[PDB]
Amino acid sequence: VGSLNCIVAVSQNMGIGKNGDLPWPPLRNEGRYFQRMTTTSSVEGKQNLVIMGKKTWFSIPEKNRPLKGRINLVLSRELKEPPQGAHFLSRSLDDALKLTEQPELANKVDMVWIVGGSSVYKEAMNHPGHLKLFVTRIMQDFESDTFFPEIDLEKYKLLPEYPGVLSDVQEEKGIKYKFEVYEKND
């Protein structure tokens, strides 16, 4: 089991969602990026595991469920078994990393990506150890009902560049966004 990473797209108001949907109109290349990063494994015969809260799971269009080519795990304390389409269910983030360490998954998983929600990100981010945050800054304000937790710059360092991550401002549907990579080790 390799790397623990968080991936999120956030608006200037730090918004991540609205009535279980993204706060901005769909961005085709931001989405290809999201798919590219979470799907690519840096080891042969290995696949990445994607961890998400129950609401995040339900917010993905059903035809896109489960996320293909990745092991999908849902986080819930109320669910008795994994939702239709999902592979695993854990009652906590710690319980989910533990399972990574079971001979079950131990030989099959490379990277572990946290893809949502606020609740899940906030605990990953407080988790001790090595962690990277792949943040897409959507350079405008969007009405939102769910937000990304504040990033502690005394703990997270913005990287100057990262292989396979564009460093300049992109634009889609008249919306400007840029990709950022933050790293921590505590």
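Note that residue numbering begins at 1 and tracks the sequence as displayed.
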**Report entry** Of 129 to 137 and 41 to 49, the stretch whose C-alpha atoms average the higher B-factor in the entry
**Finding:** 41 to 49
Report task. Name the higher of the two by mean Cα B-factor in the PDB entry, 90 to 98 versus 112 to 120. Result -> 90 to 98
Requested in this report: Quick one: which of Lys54, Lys157, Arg28, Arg70 shows the highest Cα temperature factor in the PDB entry?
Outcome: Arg28
Report summary line: By the entry's values, the third containing the CA B factor of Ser144 is the middle
Requested in this report: Taking the chain's C-alpha temperature factors as the reference, tell me which third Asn185 falls into: lowest, middle or highest.
Outcome: highest
Requested in this report: Using the B-factors in the PDB entry, rank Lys18's C-alpha atom against the chain and give the third, lowest, middle or highest.
Outcome: lowest
